[PDB]
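Undergrad: Questions regarding the structure given below will be posed in turn.
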Amino acid sequence: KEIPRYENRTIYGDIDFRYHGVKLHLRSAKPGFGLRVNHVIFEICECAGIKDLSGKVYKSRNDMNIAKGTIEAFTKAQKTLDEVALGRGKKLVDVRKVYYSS
Amino acid sequence: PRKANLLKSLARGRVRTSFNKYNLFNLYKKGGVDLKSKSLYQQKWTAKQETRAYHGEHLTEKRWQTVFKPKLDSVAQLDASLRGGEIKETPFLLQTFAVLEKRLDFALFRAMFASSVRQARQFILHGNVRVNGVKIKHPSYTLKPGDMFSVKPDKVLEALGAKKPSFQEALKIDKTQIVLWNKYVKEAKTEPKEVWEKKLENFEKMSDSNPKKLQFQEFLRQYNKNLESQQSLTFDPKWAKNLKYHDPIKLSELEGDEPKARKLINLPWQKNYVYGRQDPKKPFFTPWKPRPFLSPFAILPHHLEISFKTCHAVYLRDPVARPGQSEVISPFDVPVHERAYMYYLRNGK
Amino acid sequence: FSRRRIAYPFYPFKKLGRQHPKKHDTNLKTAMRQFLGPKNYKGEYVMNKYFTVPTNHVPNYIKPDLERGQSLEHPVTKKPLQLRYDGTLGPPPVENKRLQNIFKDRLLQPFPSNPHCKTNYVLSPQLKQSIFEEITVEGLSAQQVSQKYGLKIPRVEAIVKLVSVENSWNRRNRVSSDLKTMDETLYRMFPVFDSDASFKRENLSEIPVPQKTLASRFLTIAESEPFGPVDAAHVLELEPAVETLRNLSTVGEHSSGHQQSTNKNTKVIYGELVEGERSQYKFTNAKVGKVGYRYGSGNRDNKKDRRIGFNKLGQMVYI
RNA sequence: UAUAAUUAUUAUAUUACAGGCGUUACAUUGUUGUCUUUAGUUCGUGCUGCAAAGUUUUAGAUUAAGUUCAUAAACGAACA
RNA sequence: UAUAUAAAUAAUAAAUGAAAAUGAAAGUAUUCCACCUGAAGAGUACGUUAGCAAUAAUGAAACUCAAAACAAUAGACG
RNA sequence: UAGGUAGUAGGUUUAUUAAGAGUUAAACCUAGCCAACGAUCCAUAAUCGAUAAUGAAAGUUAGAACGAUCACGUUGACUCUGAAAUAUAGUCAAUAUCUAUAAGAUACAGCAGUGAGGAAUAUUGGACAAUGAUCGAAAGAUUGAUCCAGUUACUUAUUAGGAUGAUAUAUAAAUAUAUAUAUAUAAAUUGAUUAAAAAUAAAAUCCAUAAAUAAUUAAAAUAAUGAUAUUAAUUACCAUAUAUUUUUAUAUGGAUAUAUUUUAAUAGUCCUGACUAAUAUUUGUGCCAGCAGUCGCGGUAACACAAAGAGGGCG
Ligand SMILES: [Mg+2]
Ligand SMILES: [Mg+2]
Ligand SMILES: [Mg+2]
Ligand SMILES: [Mg+2]
Ligand SMILES: [Mg+2]
Ligand SMILES: [Mg+2]
Ligand SMILES: [Mg+2]
Ligand SMILES: [Mg+2]
Ligand SMILES: [Mg+2]
Ligand SMILES: [Mg+2]
Ligand SMILES: [Mg+2]
Ligand SMILES: [Mg+2]
Ligand SMILES: [Mg+2]
Ligand SMILES: [Mg+2]
Ligand SMILES: [Mg+2]
Ligand SMILES: [Mg+2]
Ligand SMILES: [Mg+2]
Ligand SMILES: [Mg+2]
Ligand SMILES: [Mg+2]
Ligand SMILES: [Mg+2]
Ligand SMILES: [Mg+2]
Ligand SMILES: [Mg+2]
Ligand SMILES: [Mg+2]
Ligand SMILES: [Mg+2]
Ligand SMILES: [Mg+2]
Ligand SMILES: [Mg+2]
Ligand SMILES: [Mg+2]
Ligand SMILES: [Mg+2]
Ligand SMILES: [Mg+2]
Ligand SMILES: [Mg+2]
Ligand SMILES: [Mg+2]
Ligand SMILES: [Mg+2]
Ligand SMILES: [Mg+2]
Ligand SMILES: [Mg+2]
Ligand SMILES: [Mg+2]
Ligand SMILES: [Mg+2]
Ligand SMILES: [Mg+2]
Ligand SMILES: [Mg+2]
Ligand SMILES: [Mg+2]
């Protein structure tokens, strides 16, 4: 599949998606934060290219369900900035990127 | 600190902040750090082993954990947009072991004043260093931007110079040197033609590698072809007779007396001074020469500026992490430091 | 799957087999012997290509991956040698193409497994002397020197201070031949810094990242609405990045627009000194509530974070 | 082979065991009886379920027979 | 006796769910009340209250253990 | 613990105090007051911080140590001084001990120390030199407050050696500068016959420092006063003159025949089936001896018991 990443580093915003019995609470991270997440999610991220993340798993902690849930969450739970702007008719600006611009 | 117990063991293969030949070979054969087929704890453990082996070997883990600072330092370039091209990712987590670089021990080692951080520690504790003109005996002294520190020049020459051979080692080396020189002259005198032609053949292929090219040219032009030419590196038979055999070395009477044994040695490349101990008063190999296996470890840090003319350095700033380059010098790739960083964040939980 | 693995070289090497019971050798030891080569009567491993030190301003770092572990070369011919069946050494049957062409980045990289570490450039003595003169003799600003030569302001200040030390050590005629040999040897060990070349020049547009700019923020505004760096500064409540770059350009000692006269408005009284007194007193005004030692403060003497400092003479003092 | 040498056997000893239809088919190899001339037992790729699994190996019929058709996530294959 | 609106029933989409399944809810939300925090001890002992009585309400702790429990799958068995 | 309260809730006056107030004493009324968001009663506890521990944080714990507040000085009540005492006063009551046998004295919750209790917590130490406190016009006197030292690894920090290092012999005609020195002899500890090591580990070599002895010897304190104290620190000859981040050199007078004292380095403890880092194998017992935080291991394959080799943490 294809996973959208914010600056090829982290997810867009926070995710609170539920897979069957697994409650995935994932939140974005600062540059250079590191993967401070459960080992299953850490492996999925390291293979998918995510470098900074933070989250906690609630209710069931079955490894396989966690892996399926996190892949799905990346795929559909999150939404890119461009898609939000287009469907909204508004402009979303990254303050960090525009502060360091020319 | 921790006692040096099997620092340079081959089986473990750990790389240390040292110029030692065994350490160099371990670095040579390490072939990266294996992290496949390991549970996340095992990967974290291997990373801590390797990083702690290199960075802060002498620091106790409790001290290191207290010193370890979660917040890392990085620099952002405004001119990135001016170039208008793809930018290299910033290696943020290569600055995990950057706190140790303020210490005077690491500062000396990076500045190529001591062969090892342990040697830097001993230099500091023995009163051979001065920070801003104040002599500091404590290795753990932390430095500030714009600071100066100096080391006694003799100590630096000892660190970066070859080991001084003992009396009997030098005497043996001289005896065998005379033995081989006598062979060279005898073979030159017996069949001068073949010796000269092979000497010229060696002269031809030199690849700007040794300084004997200009010596040999001066040798020839000193007495051969002062004004004549050939249509020059020409053969002469006089030098064969001019060569004189050197007297042998008893090695049993000359022992126990350096001045007496030193008057007999008259080698063309070593006159009136035994091998290595030209001036025994100095602690290093006199005349001074770089120590063996110095090339792979000679690195110029960016956070320090060094003047070997006077063994003075300036602490420009703390190491930083620019796009595509990290100022912390380490033989471990970014993932290893990532695993180590996430081990120490939770105290190894 | 974790197991203890002896750090055998990844590259192939001859492994000892049927051996005399009174040898007591190990595969690691023979690997080192193969890598180093013969040790002569002088204790020098001449064959190993890393025994010597480069004199051509190109660092000679380890390339185990590219040379497949063949570290032996003729000292003069500088051509590869490998062990044969007979136990002697000689040219390899084929030439290693990877060693033939090496990228400049790999040349400057000392450690094979870390491509983020590079060795800085040694500035020529002429460049240091020119910087010294321009700062002192010509009375220019270190900002100008940094801009022309591409160095940082801390670097140029370090250059001038070290050159002053060198001059002092020189007019005392203290520098011996050994130090000159050391400098000559190490000078040819690292590349020289060419101010003309752009890719050697160091970037001068570097800013420390404030904690707040590292935190992501997002605003939803009319698409037409233009958003610029200054608006980002307002919403992030930070000084504009260009302005911060300008500010740090003036913090240099010799840089333009520098002044440190802020602490010149405190009432300080020096007590009178009479004969025989071994000390003098300075009295500095300090407002009540802002001066003195707190009552009931924390006692970290017996804790892991105890404060340890140094005095003027350098003695370790429990601050 | 040229009275000798070598070899093979025999006899007498001894360390040394050999020997056992003694126990254990509830330790076994091999073989055999009954279910049994009974029609069952499994694998590769695909698909379904988060998964153990399932499918194929079946609605309905036919055959001595998962034999052969009809529909069907199934398409084939192996021991029968 | 075709057309529209309400209610019940039965089968479902989406959703929820550990699944079986629910499907004007066991879905999307809001408000209020009651109850649960491993098994065994135990709704037991003691106290109190009320009843003619059988009893009803309230209701512990000590000892022991890494158990205990639901849905569904594949066999074996009847 | 389901009802509690009876000066109890309130009103009016008088009395003491500087003062309001059923706070206390006296008189007359009203019939109230608390209570299932927990009264009354019972048990427990000294309380808190800009203090200590922990966590991402809200929080949770301790109340040792620094500081703040309260109560007590064997137990209970009362009284004079004062603005303030139910005072470590006194009286009285109670308890235990002692000698002087008396309306007698003491009560180590002041310092040091002793017996008991306990798994467990120190010297019957030096000085008022510094900061305070008391008396005195002052000189000064006292100060177990306080400052120091001793026991204790209870806690924290620093130090507790760097570089080099896999063998020793014998041979090598009798200064244009060479060089990949090359041959024979002997030995080679534990495990093993190669990815099975112990092991640069050891020995040996080069160079330092600690400690000792010599000189200076500040500063805590000045007018003088130093318990700590055999002070820390510096020089390894002392000091004067010159250049000068410091450092160092130049060179003069004081003692020697072209120097200027000596000099090293012996870590314990836990674990190696998984959670959990630790593959180099071998021996003993055989559901016994035993191990174990959880799963569990041991009845002849024990990676788990007891050990050797090797290894992994903390130090
Ligand atoms: Mg799991
Ligand atoms: Mg393991
Ligand atoms: Mg038998
Ligand atoms: Mg029989
Ligand atoms: Mg049978
Ligand atoms: Mg059988
Ligand atoms: Mg699936
Ligand atoms: Mg069937
Ligand atoms: Mg559905
Ligand atoms: Mg729900
Ligand atoms: Mg439910
Ligand atoms: Mg009942
Ligand atoms: Mg059990
Ligand atoms: Mg069931
Ligand atoms: Mg059946
Ligand atoms: Mg009144
Ligand atoms: Mg009253
Ligand atoms: Mg009354
Ligand atoms: Mg109550
Ligand atoms: Mg109490
Ligand atoms: Mg509290
Ligand atoms: Mg409390
Ligand atoms: Mg207290
Ligand atoms: Mg009292
Ligand atoms: Mg008492
Ligand atoms: Mg009282
Ligand atoms: Mg009394
Ligand atoms: Mg006492
Ligand atoms: Mg104790
Ligand atoms: Mg006093
Ligand atoms: Mg400690
Ligand atoms: Mg043996
Ligand atoms: Mg000393
Ligand atoms: Mg044990
Ligand atoms: Mg056994
Ligand atoms: Mg165990
Ligand atoms: Mg054992
Ligand atoms: Mg052992
Ligand atoms: Mg150990």
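How things are named: the first chain in the structure tokens is A, the next is B, and so on; residues count from 1 in each chain; ligands count from 1 in the order shown.
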Could you please select, counting only C-alpha atoms, the residues of chain B within 7 Å of chain C and state them as a PDB file with N, CA and C atoms, in the first residue's frame?
TA:
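Output file out-v1.pdb follows:
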ATOM      1  N   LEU B  10      39.622  -9.222  20.591  1.00  0.00           N
ATOM      2  CA  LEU B  10      39.203  -9.507  19.223  1.00  0.00           C
ATOM      3  C   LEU B  10      37.847 -10.197  19.181  1.00  0.00           C
ATOM      4  N   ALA B  11      37.601 -11.130  20.098  1.00  0.00           N
ATOM      5  CA  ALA B  11      36.350 -11.875  20.061  1.00  0.00           C
ATOM      6  C   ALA B  11      35.155 -10.943  20.184  1.00  0.00           C
ATOM      7  N   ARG B  12      35.218  -9.986  21.109  1.00  0.00           N
ATOM      8  CA  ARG B  12      34.111  -9.054  21.279  1.00  0.00           C
ATOM      9  C   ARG B  12      34.056  -8.055  20.131  1.00  0.00           C
ATOM     10  N   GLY B  13      35.213  -7.650  19.618  1.00  0.00           N
ATOM     11  CA  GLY B  13      35.246  -6.804  18.444  1.00  0.00           C
ATOM     12  C   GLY B  13      34.777  -5.390  18.662  1.00  0.00           C
ATOM     13  N   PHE B  25      42.182  -2.954  13.831  1.00  0.00           N
ATOM     14  CA  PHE B  25      41.773  -4.173  13.148  1.00  0.00           C
ATOM     15  C   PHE B  25      40.326  -4.517  13.473  1.00  0.00           C
ATOM     16  N   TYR B  28      38.301  -2.505  11.442  1.00  0.00           N
ATOM     17  CA  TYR B  28      38.411  -2.931  10.053  1.00  0.00           C
ATOM     18  C   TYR B  28      37.494  -4.108   9.753  1.00  0.00           C
ATOM     19  N   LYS B  29      37.434  -5.088  10.648  1.00  0.00           N
ATOM     20  CA  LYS B  29      36.677  -6.304  10.382  1.00  0.00           C
ATOM     21  C   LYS B  29      35.259  -6.266  10.934  1.00  0.00           C
ATOM     22  N   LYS B  30      34.859  -5.188  11.605  1.00  0.00           N
ATOM     23  CA  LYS B  30      33.555  -5.190  12.260  1.00  0.00           C
ATOM     24  C   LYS B  30      32.443  -5.429  11.253  1.00  0.00           C
ATOM     25  N   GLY B  31      32.506  -4.764  10.106  1.00  0.00           N
ATOM     26  CA  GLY B  31      31.500  -4.968   9.078  1.00  0.00           C
ATOM     27  C   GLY B  31      30.107  -4.566   9.506  1.00  0.00           C
ATOM     28  N   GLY B  32      29.974  -3.414  10.149  1.00  0.00           N
ATOM     29  CA  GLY B  32      28.679  -2.939  10.583  1.00  0.00           C
ATOM     30  C   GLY B  32      28.213  -3.626  11.849  1.00  0.00           C
ATOM     31  N   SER B  37      16.961 -10.095  12.957  1.00  0.00           N
ATOM     32  CA  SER B  37      16.656 -11.296  13.730  1.00  0.00           C
ATOM     33  C   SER B  37      16.903 -11.072  15.218  1.00  0.00           C
ATOM     34  N   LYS B  38      16.603  -9.866  15.693  1.00  0.00           N
ATOM     35  CA  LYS B  38      16.751  -9.520  17.099  1.00  0.00           C
ATOM     36  C   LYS B  38      15.505  -8.794  17.578  1.00  0.00           C
ATOM     37  N   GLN B  42      16.891  -6.725  22.216  1.00  0.00           N
ATOM     38  CA  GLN B  42      18.212  -7.179  21.805  1.00  0.00           C
ATOM     39  C   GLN B  42      18.894  -6.152  20.912  1.00  0.00           C
ATOM     40  N   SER B  74      20.574  20.848  17.197  1.00  0.00           N
ATOM     41  CA  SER B  74      20.593  20.826  15.743  1.00  0.00           C
ATOM     42  C   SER B  74      20.559  22.258  15.231  1.00  0.00           C
ATOM     43  N   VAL B  75      20.927  22.419  13.963  1.00  0.00           N
ATOM     44  CA  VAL B  75      21.017  23.722  13.322  1.00  0.00           C
ATOM     45  C   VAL B  75      20.204  23.691  12.037  1.00  0.00           C
ATOM     46  N   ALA B  76      19.479  24.775  11.778  1.00  0.00           N
ATOM     47  CA  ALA B  76      18.652  24.914  10.588  1.00  0.00           C
ATOM     48  C   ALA B  76      19.236  25.996   9.694  1.00  0.00           C
ATOM     49  N   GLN B  77      19.310  25.711   8.398  1.00  0.00           N
ATOM     50  CA  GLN B  77      19.894  26.622   7.425  1.00  0.00           C
ATOM     51  C   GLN B  77      18.789  27.352   6.677  1.00  0.00           C
ATOM     52  N   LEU B  78      18.856  28.683   6.683  1.00  0.00           N
ATOM     53  CA  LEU B  78      17.868  29.476   5.965  1.00  0.00           C
ATOM     54  C   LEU B  78      18.098  29.427   4.461  1.00  0.00           C
ATOM     55  N   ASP B  79      19.349  29.311   4.028  1.00  0.00           N
ATOM     56  CA  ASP B  79      19.688  29.284   2.608  1.00  0.00           C
ATOM     57  C   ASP B  79      19.322  27.978   1.936  1.00  0.00           C
ATOM     58  N   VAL B 134      44.759  28.333  33.101  1.00  0.00           N
ATOM     59  CA  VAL B 134      44.574  27.768  34.431  1.00  0.00           C
ATOM     60  C   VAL B 134      44.766  26.266  34.323  1.00  0.00           C
ATOM     61  N   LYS B 135      45.776  25.743  35.009  1.00  0.00           N
ATOM     62  CA  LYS B 135      46.057  24.318  34.935  1.00  0.00           C
ATOM     63  C   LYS B 135      44.941  23.543  35.617  1.00  0.00           C
ATOM     64  N   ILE B 136      44.373  22.577  34.898  1.00  0.00           N
ATOM     65  CA  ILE B 136      43.243  21.791  35.374  1.00  0.00           C
ATOM     66  C   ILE B 136      43.676  20.338  35.462  1.00  0.00           C
ATOM     67  N   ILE B 173      68.847  -3.918  16.523  1.00  0.00           N
ATOM     68  CA  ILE B 173      68.448  -3.346  15.242  1.00  0.00           C
ATOM     69  C   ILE B 173      69.663  -2.792  14.513  1.00  0.00           C
ATOM     70  N   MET B 206      58.722   5.506  -9.140  1.00  0.00           N
ATOM     71  CA  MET B 206      58.661   5.993  -7.765  1.00  0.00           C
ATOM     72  C   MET B 206      57.326   6.620  -7.388  1.00  0.00           C
ATOM     73  N   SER B 209      56.238   9.085  -4.152  1.00  0.00           N
ATOM     74  CA  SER B 209      55.930   8.432  -2.887  1.00  0.00           C
ATOM     75  C   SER B 209      57.001   8.607  -1.824  1.00  0.00           C
ATOM     76  N   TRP B 288      61.703  12.440  15.522  1.00  0.00           N
ATOM     77  CA  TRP B 288      60.272  12.206  15.642  1.00  0.00           C
ATOM     78  C   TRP B 288      59.687  11.727  14.322  1.00  0.00           C
ATOM     79  N   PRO B 292      52.861   4.323  14.120  1.00  0.00           N
ATOM     80  CA  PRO B 292      52.220   3.418  13.163  1.00  0.00           C
ATOM     81  C   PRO B 292      50.704   3.488  13.248  1.00  0.00           C
ATOM     82  N   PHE B 293      50.063   3.320  12.095  1.00  0.00           N
ATOM     83  CA  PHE B 293      48.608   3.279  12.001  1.00  0.00           C
ATOM     84  C   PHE B 293      47.986   4.550  12.579  1.00  0.00           C
ATOM     85  N   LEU B 294      48.406   5.685  12.024  1.00  0.00           N
ATOM     86  CA  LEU B 294      47.830   6.971  12.380  1.00  0.00           C
ATOM     87  C   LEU B 294      46.873   7.498  11.323  1.00  0.00           C
ATOM     88  N   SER B 295      47.005   7.041  10.081  1.00  0.00           N
ATOM     89  CA  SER B 295      46.154   7.556   9.011  1.00  0.00           C
ATOM     90  C   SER B 295      44.678   7.279   9.241  1.00  0.00           C
ATOM     91  N   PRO B 296      44.248   6.051   9.533  1.00  0.00           N
ATOM     92  CA  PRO B 296      42.805   5.793   9.623  1.00  0.00           C
ATOM     93  C   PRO B 296      42.115   6.567  10.723  1.00  0.00           C
ATOM     94  N   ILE B 299      41.443  12.608  12.119  1.00  0.00           N
ATOM     95  CA  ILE B 299      40.197  13.252  11.732  1.00  0.00           C
ATOM     96  C   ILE B 299      40.215  14.672  12.274  1.00  0.00           C
ATOM     97  N   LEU B 300      39.783  15.626  11.455  1.00  0.00           N
ATOM     98  CA  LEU B 300      39.767  17.020  11.862  1.00  0.00           C
ATOM     99  C   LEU B 300      38.364  17.393  12.309  1.00  0.00           C
ATOM    100  N   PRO B 301      38.123  17.620  13.597  1.00  0.00           N
ATOM    101  CA  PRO B 301      36.769  17.961  14.038  1.00  0.00           C
ATOM    102  C   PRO B 301      36.373  19.360  13.603  1.00  0.00           C
ATOM    103  N   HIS B 302      35.066  19.559  13.456  1.00  0.00           N
ATOM    104  CA  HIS B 302      34.535  20.864  13.085  1.00  0.00           C
ATOM    105  C   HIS B 302      34.315  21.771  14.287  1.00  0.00           C
ATOM    106  N   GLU B 305      39.212  24.010  16.699  1.00  0.00           N
ATOM    107  CA  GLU B 305      40.253  24.516  15.820  1.00  0.00           C
ATOM    108  C   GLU B 305      41.586  24.304  16.516  1.00  0.00           C
ATOM    109  N   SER B 307      45.952  24.161  16.512  1.00  0.00           N
ATOM    110  CA  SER B 307      47.235  24.654  16.015  1.00  0.00           C
ATOM    111  C   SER B 307      48.337  23.780  16.602  1.00  0.00           C
ATOM    112  N   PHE B 308      48.758  22.763  15.850  1.00  0.00           N
ATOM    113  CA  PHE B 308      49.783  21.852  16.342  1.00  0.00           C
ATOM    114  C   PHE B 308      51.134  22.534  16.503  1.00  0.00           C
ATOM    115  N   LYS B 309      51.324  23.701  15.886  1.00  0.00           N
ATOM    116  CA  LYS B 309      52.556  24.454  16.087  1.00  0.00           C
ATOM    117  C   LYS B 309      52.816  24.685  17.568  1.00  0.00           C
ATOM    118  N   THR B 310      51.751  24.899  18.343  1.00  0.00           N
ATOM    119  CA  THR B 310      51.868  25.248  19.752  1.00  0.00           C
ATOM    120  C   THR B 310      50.991  24.386  20.653  1.00  0.00           C
ATOM    121  N   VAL B 314      40.938  25.638  20.285  1.00  0.00           N
ATOM    122  CA  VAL B 314      39.832  26.501  20.677  1.00  0.00           C
ATOM    123  C   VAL B 314      38.538  25.716  20.545  1.00  0.00           C
ATOM    124  N   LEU B 316      35.295  25.824  19.563  1.00  0.00           N
ATOM    125  CA  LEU B 316      34.448  26.714  18.779  1.00  0.00           C
ATOM    126  C   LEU B 316      33.017  26.709  19.299  1.00  0.00           C
ATOM    127  N   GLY B 324      22.671  16.386   6.457  1.00  0.00           N
ATOM    128  CA  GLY B 324      23.590  15.475   5.812  1.00  0.00           C
ATOM    129  C   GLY B 324      24.918  15.285   6.510  1.00  0.00           C
ATOM    130  N   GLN B 325      25.121  15.891   7.677  1.00  0.00           N
ATOM    131  CA  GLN B 325      26.387  15.764   8.382  1.00  0.00           C
ATOM    132  C   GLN B 325      26.160  16.005   9.865  1.00  0.00           C
ATOM    133  N   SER B 326      26.790  15.177  10.692  1.00  0.00           N
ATOM    134  CA  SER B 326      26.756  15.318  12.139  1.00  0.00           C
ATOM    135  C   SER B 326      28.174  15.520  12.641  1.00  0.00           C
ATOM    136  N   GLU B 327      28.349  16.478  13.547  1.00  0.00           N
ATOM    137  CA  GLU B 327      29.680  16.821  14.023  1.00  0.00           C
ATOM    138  C   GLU B 327      30.234  15.808  15.015  1.00  0.00           C
ATOM    139  N   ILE B 329      31.772  12.549  15.979  1.00  0.00           N
ATOM    140  CA  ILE B 329      32.545  11.567  15.227  1.00  0.00           C
ATOM    141  C   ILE B 329      32.303  10.198  15.841  1.00  0.00           C
ATOM    142  N   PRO B 331      31.956   5.722  14.568  1.00  0.00           N
ATOM    143  CA  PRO B 331      31.927   4.723  13.499  1.00  0.00           C
ATOM    144  C   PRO B 331      30.606   3.982  13.360  1.00  0.00           C
ATOM    145  N   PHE B 332      29.554   4.431  14.031  1.00  0.00           N
ATOM    146  CA  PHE B 332      28.271   3.750  14.050  1.00  0.00           C
ATOM    147  C   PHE B 332      27.245   4.544  13.258  1.00  0.00           C
ATOM    148  N   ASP B 333      26.463   3.841  12.447  1.00  0.00           N
ATOM    149  CA  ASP B 333      25.459   4.485  11.623  1.00  0.00           C
ATOM    150  C   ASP B 333      24.328   5.030  12.491  1.00  0.00           C
TER     151      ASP B 333
END
Undergrad: Compile the contact shell of stretch 81-95 of chain C as a CSV table (one decimal) with C-alpha atoms, in the first residue's frame: residues with an atom at most 8 Å away, counting only C-alpha atoms (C1' of nucleotides), same-chain residues fewer than 2 positions apart removed.
TA:
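The result, written out as around_2.csv:
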chain,number,residue,atom,x,y,z
C,70,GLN,CA,43.1,-7.1,1.0
C,72,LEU,CA,48.5,-5.5,1.8
C,73,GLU,CA,50.4,-3.4,-0.8
C,74,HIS,CA,53.9,-2.9,-1.9
C,79,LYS,CA,50.2,-2.2,-5.9
C,97,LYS,CA,37.6,-2.0,-10.0
Undergrad: Counting only C-alpha atoms (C1' of nucleotides) and all ligand atoms, which protein, DNA or RNA residues come within 9 Å of ligand 26, given as a list in words?
TA: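 I would give the residues around ligand 26 as residues 72, 76, 77, 86 and 87 of chain F.
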Undergrad: Include N, CA, C and O atoms (P, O5', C5', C4', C3', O3' and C1' of nucleotides) and write out the residues we just selected as a PDB file, in the first residue's frame.
TA:
ATOM      1  P     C F  72       1.731  22.263  75.892  1.00  0.00           P
ATOM      2  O5'   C F  72       2.721  21.039  76.096  1.00  0.00           O
ATOM      3  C5'   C F  72       2.257  19.819  76.647  1.00  0.00           C
ATOM      4  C4'   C F  72       3.357  18.794  76.711  1.00  0.00           C
ATOM      5  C3'   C F  72       4.553  19.158  77.571  1.00  0.00           C
ATOM      6  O3'   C F  72       4.344  18.896  78.945  1.00  0.00           O
ATOM      7  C1'   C F  72       5.302  18.374  75.484  1.00  0.00           C
ATOM      8  P     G F  76      -0.442  15.103  81.689  1.00  0.00           P
ATOM      9  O5'   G F  76      -1.331  15.298  82.996  1.00  0.00           O
ATOM     10  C5'   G F  76      -2.674  14.841  83.032  1.00  0.00           C
ATOM     11  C4'   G F  76      -3.372  15.245  84.307  1.00  0.00           C
ATOM     12  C3'   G F  76      -3.511  16.733  84.564  1.00  0.00           C
ATOM     13  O3'   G F  76      -4.556  17.334  83.824  1.00  0.00           O
ATOM     14  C1'   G F  76      -2.808  15.654  86.541  1.00  0.00           C
ATOM     15  P     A F  77      -4.511  18.908  83.511  1.00  0.00           P
ATOM     16  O5'   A F  77      -4.861  19.587  84.907  1.00  0.00           O
ATOM     17  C5'   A F  77      -6.175  19.514  85.433  1.00  0.00           C
ATOM     18  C4'   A F  77      -6.239  20.021  86.852  1.00  0.00           C
ATOM     19  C3'   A F  77      -5.918  21.491  87.062  1.00  0.00           C
ATOM     20  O3'   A F  77      -6.994  22.355  86.741  1.00  0.00           O
ATOM     21  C1'   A F  77      -4.773  20.205  88.668  1.00  0.00           C
ATOM     22  P     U F  86       0.519  28.134  79.189  1.00  0.00           P
ATOM     23  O5'   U F  86      -0.282  26.884  79.760  1.00  0.00           O
ATOM     24  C5'   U F  86      -1.290  27.060  80.748  1.00  0.00           C
ATOM     25  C4'   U F  86      -0.721  27.002  82.143  1.00  0.00           C
ATOM     26  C3'   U F  86      -0.393  25.603  82.654  1.00  0.00           C
ATOM     27  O3'   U F  86       0.729  25.665  83.536  1.00  0.00           O
ATOM     28  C1'   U F  86      -2.053  26.576  84.024  1.00  0.00           C
ATOM     29  P     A F  87       2.046  24.787  83.262  1.00  0.00           P
ATOM     30  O5'   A F  87       3.182  25.866  82.989  1.00  0.00           O
ATOM     31  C5'   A F  87       3.358  26.430  81.694  1.00  0.00           C
ATOM     32  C4'   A F  87       4.782  26.870  81.460  1.00  0.00           C
ATOM     33  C3'   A F  87       5.848  25.921  81.992  1.00  0.00           C
ATOM     34  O3'   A F  87       6.986  25.938  81.134  1.00  0.00           O
ATOM     35  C1'   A F  87       6.079  28.026  83.033  1.00  0.00           C
TER      36        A F  87
END
Undergrad: Write out as JSON, numbers by chain the set of residues from stretch 38-88 of chain A that DSSP, computed on the backbone, places in alpha helix (DSSP H).
TA: {"A": [39, 40, 41, 42, 43, 44, 45, 46, 47, 48, 63, 64, 65, 66, 67, 68, 69, 70, 71, 72, 81, 82, 83, 84, 85, 86, 87, 88]}
Undergrad: What do you get as a list in words if you pick all residues at most 10 Å from ligand 7, counting only C-alpha atoms (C1' of nucleotides) and all ligand atoms?
TA: residues 68 of chain A; 48, 49, 50 and 51 of chain D
Undergrad: Within 9 Å of ligand 31, counting only C-alpha atoms (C1' of nucleotides) and all ligand atoms, which protein or nucleic acid residues do you find, written as a list in words?
TA: residues 153, 155, 156 and 157 of chain F
Undergrad: Could you list, as a list in words, all residues that come within 12 Å of ligand 15? Count only C-alpha atoms (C1' of nucleotides) and all ligand atoms.
TA: residues 74, 75, 76, 77 and 78 of chain E
Undergrad: Check every protein, DNA and RNA residue against ligand 38, keep those with an atom at most 12 Å away (counting only C-alpha atoms (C1' of nucleotides) and all ligand atoms), and present them as a ChimeraX atom specification.
TA: /F:198,272,307-311
Undergrad: Please identify every polymer residue within 12 Å of ligand 12, using only C-alpha atoms (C1' of nucleotides) and all ligand atoms, and present the set as number ranges by chain.
TA: E: 42-44, 55-59
Undergrad: Can you tell me which residues sit at most 9 Å away from ligand 9, counting only C-alpha atoms (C1' of nucleotides) and all ligand atoms, written as a PDB file with C-alpha atoms (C1' of nucleotides), in the first residue's frame?
TA:
ATOM      1  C1'   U E  12     -31.375  -6.736   6.016  1.00  0.00           C
ATOM      2  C1'   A E  13     -27.526  -2.043   4.383  1.00  0.00           C
ATOM      3  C1'   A E  14     -24.275   1.076   7.362  1.00  0.00           C
ATOM      4  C1'   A E  15     -22.548   0.921  12.297  1.00  0.00           C
TER       5        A E  15
END
